[PDB]
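To begin, one chain is listed below as structure tokens, in the form deposited in one PDB entry.
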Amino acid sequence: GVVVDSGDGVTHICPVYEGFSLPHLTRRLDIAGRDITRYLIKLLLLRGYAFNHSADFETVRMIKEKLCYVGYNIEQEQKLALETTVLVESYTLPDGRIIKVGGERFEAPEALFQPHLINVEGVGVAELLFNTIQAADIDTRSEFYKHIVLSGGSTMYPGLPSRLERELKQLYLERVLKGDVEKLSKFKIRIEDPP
């Protein structure tokens, strides 16, 4: 299976066959922990809160860690942020001031799925996994897709697994099924979330 390990350092999609790993297939993504904390900062600014990059990082890490999550259907996560107040949660800063967080809860992690949002070139963890697996002997495929294990502090975002399973189910229906809907029902992807 493939260990999609991502922490405060960097993202890695390292495949593993029967024995050990196959380095020729393991890839990297330039979007880890620190990279999502910042995009949050730069996101809380456009909202009315100016935190000092080199002095509030630690305080914004916790904010992310505490209220950040992976949206599933971004088009629907937007109507919730714009059309209603259900995503808005309060958060007390160390000095006592009480701020708010909303859309920027799911937007900050969305970088993993759209690197450009933080001006970085790639295709984003999901569209990266799909490629790392098609780049393997078709007869070693079924295994991988059936076995994708998430590890690393940056993989615990609420809804992360359900997104991948949707991203992949998307990349498949198009780039491996050429858009034939009547056969997606056969695509089985098991992304486990080992505690």
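Heads up, when I say rigid core I mean the largest set of C-alphas that superpose within 1.5 Å between the two forms. We number the residues from 1 along the sequence you see. Shifts are known only where both forms have a C-alpha.
A second form of this protein, the form solved in complex with a small molecule, is not displayed here; the remarks below concern that form.
Contact check for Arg163: no non-hydrogen atom falls within 4.5 Å of the small molecule in the deposited bound form. In the deposited bound form, the small molecule lies farther than 4.5 Å from every heavy atom of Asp30. Put simply, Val149 is far from the small molecule in the deposited bound form: not one heavy atom of it is within 4.5 Å. Heavy atoms of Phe130 never reach within 4.5 Å of the small molecule in the deposited bound form, leaving it off the interface. Stretch 152-160 is the answer when you ask which of 165-173, 152-160, 137-145, 22-30 has residues with heavy atoms within 4.5 Å of the small molecule in the deposited bound form. After superposition on the rigid core, the Cα atom of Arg175 is displaced by less than 2 Å between this form and the one not shown. In the deposited bound form, the CA atoms of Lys169 and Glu182 sit closer together than in the displayed form, by at least 3 angstroms. The gap between the Cα atoms of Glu182 and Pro161 is smaller in the deposited bound form, by no less than 3 Å, than in this form. Segment displaced between this form and the one not shown is 178-190 alone (run of at least 3 consecutive residues, each Cα moved 2 Å or more after rigid core superposition).
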